[PDB]
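File shown: coords-v2.tsv (TSV, C-alpha atoms).
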```tsv
chain	number	residue	atom	x	y	z
A	2	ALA	CA	-124.69	64.89	-39.41
A	3	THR	CA	-126.75	61.71	-39.83
A	4	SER	CA	-129.77	60.55	-37.84
A	5	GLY	CA	-129.77	57.04	-39.34
A	6	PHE	CA	-130.81	55.18	-42.50
A	7	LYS	CA	-134.27	55.69	-43.98
A	8	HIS	CA	-136.42	53.33	-46.09
A	9	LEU	CA	-138.96	55.62	-47.77
A	10	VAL	CA	-141.85	54.26	-49.81
A	11	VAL	CA	-144.32	56.38	-51.75
A	12	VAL	CA	-147.22	54.53	-53.31
A	13	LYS	CA	-150.50	54.57	-55.12
A	14	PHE	CA	-152.67	51.55	-54.30
A	15	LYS	CA	-154.82	49.57	-56.75
A	16	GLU	CA	-158.49	50.62	-56.82
A	17	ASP	CA	-159.69	47.62	-54.83
A	18	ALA	CA	-156.84	47.46	-52.28
A	19	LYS	CA	-157.92	47.10	-48.64
A	20	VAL	CA	-155.78	49.93	-47.40
A	21	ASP	CA	-156.78	49.73	-43.73
A	22	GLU	CA	-155.75	46.07	-43.58
A	23	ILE	CA	-152.50	46.86	-45.38
A	24	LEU	CA	-151.78	49.60	-42.82
A	25	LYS	CA	-152.62	47.27	-39.92
A	26	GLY	CA	-150.19	44.80	-41.49
A	27	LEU	CA	-147.38	47.40	-41.61
A	28	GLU	CA	-148.05	48.41	-38.00
A	29	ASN	CA	-147.83	44.76	-37.00
A	30	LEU	CA	-144.64	44.19	-39.02
A	31	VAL	CA	-142.79	47.20	-37.51
A	32	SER	CA	-143.81	46.30	-33.93
A	33	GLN	CA	-142.29	42.78	-34.31
A	34	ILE	CA	-138.92	43.86	-35.71
A	35	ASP	CA	-136.53	45.47	-33.30
A	36	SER	CA	-134.23	46.86	-36.02
A	37	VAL	CA	-137.03	49.26	-37.09
A	38	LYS	CA	-136.30	52.31	-34.93
A	39	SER	CA	-139.07	54.52	-36.23
A	40	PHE	CA	-142.13	54.13	-38.48
A	41	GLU	CA	-144.51	56.82	-39.60
A	42	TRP	CA	-146.84	57.36	-42.52
A	43	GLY	CA	-149.29	59.79	-44.02
A	44	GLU	CA	-151.88	60.12	-46.73
A	45	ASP	CA	-152.22	62.98	-49.19
A	46	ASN	CA	-155.09	62.84	-51.64
A	47	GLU	CA	-155.79	66.60	-51.54
A	48	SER	CA	-152.67	68.31	-52.88
A	49	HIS	CA	-152.06	69.19	-56.58
A	50	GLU	CA	-152.05	66.15	-58.89
A	51	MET	CA	-149.45	67.58	-61.29
A	52	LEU	CA	-146.99	67.61	-58.34
A	53	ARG	CA	-148.23	64.49	-56.47
A	54	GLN	CA	-148.59	62.46	-59.72
A	55	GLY	CA	-151.40	60.41	-58.15
A	56	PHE	CA	-149.32	59.02	-55.22
A	57	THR	CA	-151.48	58.91	-52.07
A	58	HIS	CA	-149.43	57.36	-49.23
A	59	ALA	CA	-145.91	57.73	-47.89
A	60	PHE	CA	-144.31	55.37	-45.35
A	61	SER	CA	-140.98	56.08	-43.67
A	62	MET	CA	-138.99	53.49	-41.67
A	63	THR	CA	-135.68	54.44	-40.01
A	64	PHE	CA	-132.81	52.18	-38.98
A	65	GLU	CA	-129.65	52.78	-36.99
A	66	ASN	CA	-127.60	52.40	-40.15
A	67	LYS	CA	-127.43	50.85	-43.60
A	68	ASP	CA	-126.29	47.46	-42.26
A	69	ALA	CA	-129.37	47.16	-40.06
A	70	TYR	CA	-131.57	48.03	-43.06
A	71	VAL	CA	-129.89	45.44	-45.29
A	72	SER	CA	-130.48	42.81	-42.59
A	73	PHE	CA	-134.13	43.84	-42.27
A	74	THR	CA	-134.66	43.35	-45.99
A	75	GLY	CA	-133.78	39.66	-45.45
A	76	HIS	CA	-136.17	39.31	-42.50
A	77	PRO	CA	-138.81	36.64	-43.37
A	78	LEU	CA	-141.67	38.83	-42.17
A	79	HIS	CA	-140.53	41.66	-44.44
A	80	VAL	CA	-139.99	39.30	-47.38
A	81	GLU	CA	-143.50	37.93	-46.95
A	82	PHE	CA	-144.94	41.43	-46.55
A	83	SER	CA	-143.07	42.60	-49.65
A	84	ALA	CA	-144.52	39.84	-51.80
A	85	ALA	CA	-148.07	40.58	-50.72
A	86	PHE	CA	-147.51	44.35	-51.11
A	87	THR	CA	-146.48	43.96	-54.75
A	88	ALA	CA	-149.96	42.64	-55.48
A	89	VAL	CA	-151.84	45.72	-54.18
A	90	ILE	CA	-149.87	48.67	-55.60
A	91	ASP	CA	-150.42	50.61	-58.81
A	92	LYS	CA	-147.12	52.44	-58.54
A	93	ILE	CA	-144.29	52.97	-56.18
A	94	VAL	CA	-141.19	54.92	-55.48
A	95	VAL	CA	-138.69	53.45	-53.06
A	96	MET	CA	-135.78	55.42	-51.68
A	97	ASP	CA	-133.12	54.11	-49.32
A	98	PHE	CA	-130.65	56.60	-47.92
A	99	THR	CA	-128.44	57.80	-45.12
A	100	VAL	CA	-130.32	60.74	-43.59
A	101	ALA	CA	-128.62	64.13	-43.61
A	102	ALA	CA	-130.01	65.67	-40.41
A	103	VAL	CA	-130.05	69.39	-41.02
A	104	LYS	CA	-132.57	70.83	-38.54
A	105	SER	CA	-134.66	69.30	-35.73
A	106	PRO	CA	-136.44	70.54	-32.60
A	107	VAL	CA	-134.79	67.76	-30.56
A	108	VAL	CA	-131.48	65.99	-30.74
A	109	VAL	CA	-131.42	63.22	-33.37
A	110	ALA	CA	-127.70	63.14	-34.30
A	111	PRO	CA	-125.55	63.84	-31.20
A	112	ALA	CA	-122.28	62.56	-32.62
A	113	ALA	CA	-122.24	65.29	-35.27
A	114	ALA	CA	-121.95	67.94	-32.53
A	115	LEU	CA	-118.96	66.18	-30.85
A	116	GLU	CA	-116.85	64.34	-33.43
A	117	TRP	CA	-114.31	67.18	-33.54
A	118	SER	CA	-113.44	66.24	-29.92
A	119	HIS	CA	-111.97	62.87	-30.98
A	120	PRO	CA	-108.21	63.03	-30.21
A	121	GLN	CA	-105.71	63.14	-33.07
A	122	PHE	CA	-103.66	59.93	-32.92
A	123	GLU	CA	-102.21	60.12	-36.51
B	4	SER	CA	-145.48	64.19	-35.03
B	5	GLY	CA	-146.83	67.26	-36.90
B	6	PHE	CA	-147.33	68.05	-40.61
B	7	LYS	CA	-144.80	66.98	-43.23
B	8	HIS	CA	-143.87	68.39	-46.62
B	9	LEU	CA	-142.12	65.63	-48.56
B	10	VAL	CA	-140.35	66.11	-51.88
B	11	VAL	CA	-138.78	63.44	-54.05
B	12	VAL	CA	-136.84	64.66	-57.08
B	13	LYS	CA	-134.56	63.94	-59.97
B	14	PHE	CA	-132.26	66.81	-60.95
B	15	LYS	CA	-131.29	67.83	-64.49
B	16	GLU	CA	-127.97	66.35	-65.67
B	17	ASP	CA	-126.08	69.63	-65.29
B	18	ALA	CA	-127.55	70.80	-61.97
B	19	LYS	CA	-125.12	71.82	-59.19
B	20	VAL	CA	-126.78	69.58	-56.63
B	21	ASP	CA	-124.40	70.25	-53.75
B	22	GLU	CA	-124.96	74.00	-54.09
B	23	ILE	CA	-128.71	73.59	-54.42
B	24	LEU	CA	-128.82	71.52	-51.24
B	25	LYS	CA	-126.64	74.03	-49.38
B	26	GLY	CA	-129.16	76.67	-50.48
B	27	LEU	CA	-132.09	74.73	-49.05
B	28	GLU	CA	-130.24	74.09	-45.78
B	29	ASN	CA	-129.64	77.81	-45.57
B	30	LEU	CA	-133.32	78.59	-46.24
B	31	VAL	CA	-134.71	76.33	-43.54
B	32	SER	CA	-132.16	77.45	-40.94
B	33	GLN	CA	-133.68	80.98	-41.06
B	34	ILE	CA	-137.40	80.24	-40.72
B	35	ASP	CA	-138.69	79.37	-37.28
B	36	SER	CA	-141.84	77.56	-38.50
B	37	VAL	CA	-139.69	74.83	-40.07
B	38	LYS	CA	-139.23	72.46	-37.12
B	39	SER	CA	-137.26	69.76	-38.93
B	40	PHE	CA	-135.46	69.35	-42.20
B	41	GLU	CA	-133.59	66.36	-43.54
B	42	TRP	CA	-132.60	64.98	-46.90
B	43	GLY	CA	-130.82	62.09	-48.53
B	44	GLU	CA	-129.50	60.78	-51.81
B	45	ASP	CA	-130.12	57.33	-53.26
B	46	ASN	CA	-128.59	56.42	-56.59
B	47	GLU	CA	-127.86	52.80	-55.58
B	48	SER	CA	-131.21	51.07	-54.94
B	49	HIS	CA	-133.15	49.29	-57.76
B	50	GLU	CA	-134.22	51.60	-60.64
B	51	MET	CA	-137.49	49.73	-61.24
B	52	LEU	CA	-138.48	50.78	-57.67
B	53	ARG	CA	-136.82	54.23	-57.38
B	54	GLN	CA	-137.93	55.24	-60.93
B	55	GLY	CA	-134.85	57.38	-61.40
B	56	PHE	CA	-135.53	59.69	-58.40
B	57	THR	CA	-132.24	60.45	-56.58
B	58	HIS	CA	-132.99	62.82	-53.68
B	59	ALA	CA	-135.66	63.10	-51.04
B	60	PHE	CA	-136.21	65.84	-48.53
B	61	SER	CA	-138.77	66.58	-45.90
B	62	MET	CA	-139.73	69.50	-43.75
B	63	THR	CA	-141.90	69.14	-40.68
B	64	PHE	CA	-144.16	71.79	-39.21
B	65	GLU	CA	-146.23	71.88	-36.03
B	66	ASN	CA	-149.42	71.69	-38.07
B	67	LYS	CA	-150.94	72.30	-41.48
B	68	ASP	CA	-151.53	76.02	-40.75
B	69	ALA	CA	-147.82	76.60	-40.15
B	70	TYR	CA	-147.02	74.78	-43.42
B	71	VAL	CA	-149.52	76.83	-45.41
B	72	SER	CA	-148.01	80.04	-44.01
B	73	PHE	CA	-144.54	78.88	-44.87
B	74	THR	CA	-145.54	78.24	-48.50
B	75	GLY	CA	-146.36	81.99	-48.72
B	76	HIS	CA	-142.94	82.97	-47.32
B	77	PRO	CA	-141.21	85.12	-50.00
B	78	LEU	CA	-137.88	83.34	-49.64
B	79	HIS	CA	-139.54	79.94	-50.11
B	80	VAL	CA	-141.46	81.28	-53.11
B	81	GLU	CA	-138.28	82.58	-54.70
B	82	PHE	CA	-136.42	79.35	-53.90
B	83	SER	CA	-139.22	77.24	-55.41
B	84	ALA	CA	-139.27	79.32	-58.59
B	85	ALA	CA	-135.56	78.83	-59.13
B	86	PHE	CA	-135.78	75.14	-58.14
B	87	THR	CA	-138.28	74.57	-60.97
B	88	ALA	CA	-135.45	75.20	-63.44
B	89	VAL	CA	-133.07	72.50	-62.12
B	90	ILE	CA	-135.36	69.47	-61.77
B	91	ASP	CA	-136.27	66.76	-64.29
B	92	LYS	CA	-139.18	65.50	-62.22
B	93	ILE	CA	-140.70	65.73	-58.82
B	94	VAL	CA	-143.21	64.24	-56.48
B	95	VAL	CA	-144.61	66.37	-53.68
B	96	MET	CA	-146.71	65.19	-50.80
B	97	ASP	CA	-148.10	67.07	-47.85
B	98	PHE	CA	-149.65	65.24	-44.95
B	99	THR	CA	-150.35	64.99	-41.25
B	100	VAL	CA	-147.85	62.46	-39.82
B	101	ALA	CA	-149.17	59.30	-38.17
B	102	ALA	CA	-146.36	58.32	-35.78
B	103	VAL	CA	-146.58	54.59	-35.29
B	104	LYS	CA	-143.22	53.70	-33.74
B	105	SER	CA	-140.39	55.84	-32.39
B	106	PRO	CA	-137.47	55.86	-29.90
```

Let me see the file written as structure tokens.
Amino acid sequence: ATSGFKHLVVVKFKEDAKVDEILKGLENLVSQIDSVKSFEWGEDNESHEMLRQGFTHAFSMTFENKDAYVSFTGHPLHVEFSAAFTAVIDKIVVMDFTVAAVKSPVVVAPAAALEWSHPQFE
Amino acid sequence: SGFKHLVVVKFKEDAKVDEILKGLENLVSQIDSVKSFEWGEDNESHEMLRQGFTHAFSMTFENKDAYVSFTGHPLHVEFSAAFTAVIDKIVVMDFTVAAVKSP
């Protein structure tokens, strides 16, 4: 069961980074690019530092599949954003993966419930 | 879109990752306060950006209170204790979700 392909970025920003402008920039980027199906983010600067390792922000973009993600990485707006983003981060973890959809309150991966019904052609 | 508990990890070389993940799937399936659970594996993207992490998973809760309660759940406590022994490193983040775009 897969709900799509996720581009996950966990970051710590440089001390002087203008985080609100960076966030406005991400909001603007995602709104302009149709291939981005979902975008959410959060900040955690409260939880334990031995487990968080100083990371403060996590951003999650979802795509219909890996091919759509690969295309997005070539999108000029994303390439430009990327270059600027490099300048304002202290550290980063990037993860790109097919999502295993295990539990959700609403349907996110319908095909997984029905693929058994495909006829056997051989 | 609620409160998220996000974990990014690298497992020890000898860990039985498939079994560990089946265990976590089983945990979350039995606890009503866990609204969503997903995970993935990435051992393909650039190492200078992934830093050797291979798996990510996230649980979503209706709010921070539900998450805090869940962290006290005995089965979660026992799972976490055992999980400690099979990881090389971990990043954990817990946050209110700002939903910016969705379908």

Residues of chain B within 10 Å of chain A, counting all atoms listed in the file, as an MDAnalysis selection string: chainID B and resid 4 6:7 9:11 27:29 31:32 37:60 62:63 92:106

Padding of 3 Å on every side, edges along x, y and z, all listed atoms of range 7-18 of chain A included: what centre and edge lengths in Å, to one decimal, does that box have, as lines of an AutoDock Vina configuration file?
```
center_x = -147.0
center_y = 51.9
center_z = -50.4
size_x = 31.4
size_y = 14.9
size_z = 18.8
```

Separation of CA of residue 12 in chain B from CA of residue 81 in chain B, in Å and rounded to one decimal: 18.1 Å

Computed interatomic separation between CA of residue 15 in chain B and CA of residue 86 in chain B (Å):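 Value for the CA of residue 15 in chain B-CA of residue 86 in chain B distance: 10.7 Å.
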
Would you please take range 42-84 of chain A of the structure in the block above and write N, CA and C atoms to a file as a PDB file, in the first residue's frame?
```pdb
ATOM      1  N   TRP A  42       4.590  21.337   6.970  1.00  0.00           N
ATOM      2  CA  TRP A  42       5.824  21.541   7.695  1.00  0.00           C
ATOM      3  C   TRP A  42       5.488  21.735   9.168  1.00  0.00           C
ATOM      4  N   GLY A  43       6.533  21.673   9.975  1.00  0.00           N
ATOM      5  CA  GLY A  43       6.430  21.943  11.380  1.00  0.00           C
ATOM      6  C   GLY A  43       7.790  22.343  11.939  1.00  0.00           C
ATOM      7  N   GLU A  44       7.719  22.921  13.131  1.00  0.00           N
ATOM      8  CA  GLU A  44       8.887  23.331  13.868  1.00  0.00           C
ATOM      9  C   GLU A  44       8.877  22.638  15.221  1.00  0.00           C
ATOM     10  N   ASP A  45      10.040  22.143  15.629  1.00  0.00           N
ATOM     11  CA  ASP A  45      10.216  21.579  16.952  1.00  0.00           C
ATOM     12  C   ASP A  45      11.521  22.116  17.518  1.00  0.00           C
ATOM     13  N   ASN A  46      11.403  23.035  18.479  1.00  0.00           N
ATOM     14  CA  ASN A  46      12.604  23.499  19.165  1.00  0.00           C
ATOM     15  C   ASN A  46      12.446  23.289  20.662  1.00  0.00           C
ATOM     16  N   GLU A  47      11.559  22.365  21.052  1.00  0.00           N
ATOM     17  CA  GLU A  47      11.216  22.095  22.440  1.00  0.00           C
ATOM     18  C   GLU A  47      11.681  20.698  22.857  1.00  0.00           C
ATOM     19  N   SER A  48      11.562  19.705  21.972  1.00  0.00           N
ATOM     20  CA  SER A  48      11.833  18.337  22.352  1.00  0.00           C
ATOM     21  C   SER A  48      13.323  18.113  22.659  1.00  0.00           C
ATOM     22  N   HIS A  49      13.612  16.953  23.255  1.00  0.00           N
ATOM     23  CA  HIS A  49      14.990  16.605  23.705  1.00  0.00           C
ATOM     24  C   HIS A  49      16.039  16.788  22.615  1.00  0.00           C
ATOM     25  N   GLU A  50      17.155  17.416  22.976  1.00  0.00           N
ATOM     26  CA  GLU A  50      18.216  17.732  21.989  1.00  0.00           C
ATOM     27  C   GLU A  50      19.106  16.529  21.692  1.00  0.00           C
ATOM     28  N   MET A  51      19.139  15.551  22.577  1.00  0.00           N
ATOM     29  CA  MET A  51      19.929  14.337  22.276  1.00  0.00           C
ATOM     30  C   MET A  51      19.204  13.518  21.193  1.00  0.00           C
ATOM     31  N   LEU A  52      17.896  13.711  21.053  1.00  0.00           N
ATOM     32  CA  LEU A  52      17.117  12.915  20.079  1.00  0.00           C
ATOM     33  C   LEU A  52      16.867  13.755  18.825  1.00  0.00           C
ATOM     34  N   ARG A  53      16.726  15.066  18.993  1.00  0.00           N
ATOM     35  CA  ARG A  53      16.463  15.981  17.856  1.00  0.00           C
ATOM     36  C   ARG A  53      17.783  16.408  17.202  1.00  0.00           C
ATOM     37  N   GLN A  54      18.883  16.348  17.947  1.00  0.00           N
ATOM     38  CA  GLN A  54      20.217  16.685  17.393  1.00  0.00           C
ATOM     39  C   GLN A  54      20.216  18.117  16.837  1.00  0.00           C
ATOM     40  N   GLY A  55      19.428  19.022  17.419  1.00  0.00           N
ATOM     41  CA  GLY A  55      19.500  20.407  16.982  1.00  0.00           C
ATOM     42  C   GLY A  55      18.662  20.730  15.729  1.00  0.00           C
ATOM     43  N   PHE A  56      18.083  19.748  15.040  1.00  0.00           N
ATOM     44  CA  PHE A  56      17.200  20.047  13.911  1.00  0.00           C
ATOM     45  C   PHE A  56      15.963  20.766  14.447  1.00  0.00           C
ATOM     46  N   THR A  57      15.437  21.740  13.703  1.00  0.00           N
ATOM     47  CA  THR A  57      14.312  22.533  14.179  1.00  0.00           C
ATOM     48  C   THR A  57      13.091  22.477  13.259  1.00  0.00           C
ATOM     49  N   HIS A  58      13.270  22.195  11.966  1.00  0.00           N
ATOM     50  CA  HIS A  58      12.159  22.269  11.029  1.00  0.00           C
ATOM     51  C   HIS A  58      12.141  21.028  10.153  1.00  0.00           C
ATOM     52  N   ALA A  59      10.924  20.568   9.851  1.00  0.00           N
ATOM     53  CA  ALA A  59      10.723  19.462   8.930  1.00  0.00           C
ATOM     54  C   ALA A  59       9.676  19.847   7.896  1.00  0.00           C
ATOM     55  N   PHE A  60      10.022  19.605   6.633  1.00  0.00           N
ATOM     56  CA  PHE A  60       9.134  19.932   5.494  1.00  0.00           C
ATOM     57  C   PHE A  60       8.893  18.670   4.697  1.00  0.00           C
ATOM     58  N   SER A  61       7.631  18.414   4.390  1.00  0.00           N
ATOM     59  CA  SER A  61       7.270  17.173   3.675  1.00  0.00           C
ATOM     60  C   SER A  61       6.474  17.501   2.408  1.00  0.00           C
ATOM     61  N   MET A  62       7.014  17.165   1.243  1.00  0.00           N
ATOM     62  CA  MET A  62       6.262  17.329  -0.021  1.00  0.00           C
ATOM     63  C   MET A  62       5.927  15.931  -0.548  1.00  0.00           C
ATOM     64  N   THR A  63       4.717  15.753  -1.067  1.00  0.00           N
ATOM     65  CA  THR A  63       4.334  14.450  -1.630  1.00  0.00           C
ATOM     66  C   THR A  63       4.024  14.582  -3.100  1.00  0.00           C
ATOM     67  N   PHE A  64       4.347  13.543  -3.850  1.00  0.00           N
ATOM     68  CA  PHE A  64       4.110  13.523  -5.305  1.00  0.00           C
ATOM     69  C   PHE A  64       3.353  12.252  -5.611  1.00  0.00           C
ATOM     70  N   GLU A  65       2.737  12.199  -6.784  1.00  0.00           N
ATOM     71  CA  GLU A  65       1.994  11.019  -7.197  1.00  0.00           C
ATOM     72  C   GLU A  65       2.906   9.815  -7.315  1.00  0.00           C
ATOM     73  N   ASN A  66       4.157  10.010  -7.702  1.00  0.00           N
ATOM     74  CA  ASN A  66       5.061   8.879  -7.790  1.00  0.00           C
ATOM     75  C   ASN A  66       6.476   9.403  -7.953  1.00  0.00           C
ATOM     76  N   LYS A  67       7.438   8.477  -8.019  1.00  0.00           N
ATOM     77  CA  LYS A  67       8.832   8.845  -8.125  1.00  0.00           C
ATOM     78  C   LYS A  67       9.106   9.655  -9.387  1.00  0.00           C
ATOM     79  N   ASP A  68       8.464   9.294 -10.513  1.00  0.00           N
ATOM     80  CA  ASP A  68       8.728   9.986 -11.766  1.00  0.00           C
ATOM     81  C   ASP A  68       8.366  11.461 -11.656  1.00  0.00           C
ATOM     82  N   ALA A  69       7.196  11.760 -11.086  1.00  0.00           N
ATOM     83  CA  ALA A  69       6.812  13.141 -10.854  1.00  0.00           C
ATOM     84  C   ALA A  69       7.825  13.872  -9.957  1.00  0.00           C
ATOM     85  N   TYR A  70       8.370  13.199  -8.936  1.00  0.00           N
ATOM     86  CA  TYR A  70       9.354  13.855  -8.087  1.00  0.00           C
ATOM     87  C   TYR A  70      10.604  14.188  -8.913  1.00  0.00           C
ATOM     88  N   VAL A  71      11.076  13.223  -9.708  1.00  0.00           N
ATOM     89  CA  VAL A  71      12.320  13.388 -10.438  1.00  0.00           C
ATOM     90  C   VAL A  71      12.162  14.580 -11.372  1.00  0.00           C
ATOM     91  N   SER A  72      10.994  14.692 -12.024  1.00  0.00           N
ATOM     92  CA  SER A  72      10.707  15.838 -12.873  1.00  0.00           C
ATOM     93  C   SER A  72      10.755  17.129 -12.092  1.00  0.00           C
ATOM     94  N   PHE A  73      10.120  17.134 -10.929  1.00  0.00           N
ATOM     95  CA  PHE A  73      10.102  18.350 -10.084  1.00  0.00           C
ATOM     96  C   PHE A  73      11.520  18.786  -9.748  1.00  0.00           C
ATOM     97  N   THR A  74      12.444  17.843  -9.576  1.00  0.00           N
ATOM     98  CA  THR A  74      13.767  18.267  -9.130  1.00  0.00           C
ATOM     99  C   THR A  74      14.459  19.058 -10.235  1.00  0.00           C
ATOM    100  N   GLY A  75      14.041  18.855 -11.497  1.00  0.00           N
ATOM    101  CA  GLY A  75      14.525  19.625 -12.638  1.00  0.00           C
ATOM    102  C   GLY A  75      13.768  20.938 -12.875  1.00  0.00           C
ATOM    103  N   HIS A  76      12.707  21.206 -12.119  1.00  0.00           N
ATOM    104  CA  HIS A  76      11.909  22.389 -12.359  1.00  0.00           C
ATOM    105  C   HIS A  76      12.756  23.611 -12.000  1.00  0.00           C
ATOM    106  N   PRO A  77      12.835  24.625 -12.890  1.00  0.00           N
ATOM    107  CA  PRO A  77      13.688  25.791 -12.676  1.00  0.00           C
ATOM    108  C   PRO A  77      13.411  26.507 -11.369  1.00  0.00           C
ATOM    109  N   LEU A  78      12.145  26.561 -10.943  1.00  0.00           N
ATOM    110  CA  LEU A  78      11.847  27.223  -9.683  1.00  0.00           C
ATOM    111  C   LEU A  78      12.472  26.466  -8.501  1.00  0.00           C
ATOM    112  N   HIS A  79      12.417  25.134  -8.567  1.00  0.00           N
ATOM    113  CA  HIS A  79      12.976  24.316  -7.515  1.00  0.00           C
ATOM    114  C   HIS A  79      14.499  24.410  -7.544  1.00  0.00           C
ATOM    115  N   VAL A  80      15.094  24.440  -8.734  1.00  0.00           N
ATOM    116  CA  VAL A  80      16.542  24.510  -8.833  1.00  0.00           C
ATOM    117  C   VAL A  80      17.037  25.830  -8.235  1.00  0.00           C
ATOM    118  N   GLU A  81      16.336  26.905  -8.548  1.00  0.00           N
ATOM    119  CA  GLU A  81      16.668  28.208  -8.004  1.00  0.00           C
ATOM    120  C   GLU A  81      16.484  28.217  -6.492  1.00  0.00           C
ATOM    121  N   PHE A  82      15.375  27.625  -6.024  1.00  0.00           N
ATOM    122  CA  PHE A  82      15.094  27.620  -4.590  1.00  0.00           C
ATOM    123  C   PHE A  82      16.199  26.868  -3.852  1.00  0.00           C
ATOM    124  N   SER A  83      16.581  25.724  -4.423  1.00  0.00           N
ATOM    125  CA  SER A  83      17.572  24.816  -3.893  1.00  0.00           C
ATOM    126  C   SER A  83      18.878  25.568  -3.624  1.00  0.00           C
ATOM    127  N   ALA A  84      19.284  26.342  -4.639  1.00  0.00           N
ATOM    128  CA  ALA A  84      20.569  27.020  -4.607  1.00  0.00           C
ATOM    129  C   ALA A  84      20.571  28.031  -3.462  1.00  0.00           C
TER     130      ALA A  84
END
```
